[PDB]
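Q: PDB entry and its sequence, pasted below:
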Amino acid sequence: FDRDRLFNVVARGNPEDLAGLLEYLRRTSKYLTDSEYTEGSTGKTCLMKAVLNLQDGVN
């Protein structure tokens, strides 16, 4: 599980595709605010791109 897959998941908007993320984070013992999940060069997180991409009024 990687950063690009997570950004594609939050950009698409399927809640079923975000499966086993908590189990993966508990297995590797790292959080969503870690440097591998954020961009780091600009600090962009998955919540920021998740709010940027709104096909409807909600995501």
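A: Sure, I can see it. Numbers count the residues shown, from 1 in each chain.

Q: element containing residue 10?
A: Per DSSP states H and E: residue 10 is located in helix 3-12.

Q: Tell me which residues of that helix come out buried.
A: 6-7, 9-10 (16 or more other C-beta atoms under 10 Å). The way it works is simple: take the backbone N, C-alpha and C, and place the C-beta from them, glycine included.

Q: got JSON lines for these, with distance to residue 42 too?
A: Below are the buried residues of helix 3-12 laid out as JSON lines (distance: C-beta to C-beta, whole Å):
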{"residue": "6", "distance to residue 42": "16"}
{"residue": "7", "distance to residue 42": "13"}
{"residue": "9", "distance to residue 42": "20"}
{"residue": "10", "distance to residue 42": "16"}
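
Q: Show the contacting residues for the nearest residue to residue 6 once chain neighbours are set aside.
A: Of all residues not flanking residue 6 in the chain, residue 46 sits nearest, at 5.5 Å (C-beta to C-beta, 6 or more residues apart in numbering). Residue 46 sits next to 6-7, 10, 32, 37 when contact means C-beta atoms under 8 Å, 6 or more residues apart in numbering.

Q: and the gap between residue 46 and residue 23?
A: With distances taken as C-beta to C-beta, to the nearest Å, residue 46 is found 17 Å from residue 23.

Q: same check, this time on residue 29
A: Residue 29 sits 12 Å away from residue 23, taking C-beta to C-beta as the criterion.

Q: For residue 27, what are phi and psi?
A: phi -80, psi -50 (degrees, to the nearest 10).

Q: Counting neighbours, what do you get for residue 54?
A: For residue 54, the neighbour count with other C-beta atoms under 10 Å is 10.

Q: And it, how close does it get to residue 24?
A: 26 Å.

Q: Thanks a lot, see you next time.
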